[PDB]
């Protein structure tokens, strides 16, 4: 049965190396992925690669042989490297957390304030400082316990149990794990809050309309481009090409850039708003509404125009009277609900709750932030037990077993393999993985 562990432990090392060398190379070779965030992810993957190559294997040999085989020097270095990788990870995660806060609050929503060069420096500092705090206390022997069971393990070359004194145990854990952990959970929950608060009509309509850069057909079969910019009701592609050229002011050939579609969208939302205040029936309702329900109203007029939306006379009467669940029932009784539901259901829910709850993690940059959060969340779950039980061993020392300790450490080790999987949520990372896997 001890063979079982051997296979189990060998399969783990491989997945850590395979997975992480993939992530490293994906970013190194593909420009679409050479961003500040992915620079920090490289720092993360590096730490898990050194973990898999230099750390886990000698952890498996230690367990399976019930002894150290590698002498005192590598015993010390193995420990110092191990601690480094865990520390450099969590601070890198804390940095990712911080960088995303400054991005989401800056007018340049979703893009880092740091330059690529600036990001290289932060990483280098993280590694240098982590390299100090990890190696130095160990080479200088400041970590060491003085009780007999411990001093015996030191003089014995074949023993490499991590015995420390309670002072270092507290000091190392707080500075290495707890401080960057607690900052990261507090800061990143605040980035999640900013994403949701900063949601506006432009992102809303970008979610339930998409962006296509070449001429397509809507669900009605009318020619459309950009973010739901209708070209003509006519069923002639040349008439649609004719309208595009006039709307942009150049020969387009039925294709546009992201810059050109953005100002059509900006004119379209202006128009739907200008329509609202021009219309007799729509004007009052809009004023009565909070900035969120207002956005839902614009959304509709974007899809249907003022005349069509003013037709919901029953429902418009109640949004004005703040009777939210009564309007929502009358909006479901519609051709609009029938025609397209994935989109209507969201709009109605917005009118109902007055919240963005229906649009959570629908935007690409928001899906991107969720992934990062899943990395962070998983790292916490995998390591926290170990570190909690670490510090419980300092207070009442005779409560946690060596078997329990080692096992909780291995729940940590196995975290070095989860990131590459999680990154399969990113479409940019998928296309990258398959190109590299030749598929």
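Numbering follows the first chain given and starts at 1.
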Between 230-238 and 185-193, which has the higher average C-alpha B-factor in the PDB entry?
230-238
Which wins on mean Cα temperature factor, 330-338 or 293-301?
330-338
If I read the C-alpha B-factors straight from the PDB entry, which of 247, 167, 103, 94 is highest?
247
Of 213, 119, 363, 88, which one's C-alpha B factor is largest in the deposited record?
213
Quick check on the deposited entry: does the C-alpha B-factor of residue 389 sit in the lowest, middle or highest third of its chain?
middle
Entry-reported Cα temperature factor of residue 76, expressed as the chain third it lands in:
middle
Can you tell me which third, lowest, middle or highest, the CA B-factor of residue 63 falls into for its chain?
middle
Residue 262: C-alpha B-factor third of its chain, per the entry, is the highest
In terms of the CA temperature factor given in the entry, to which third of its chain does residue 130 belong: lowest, middle or highest?
middle
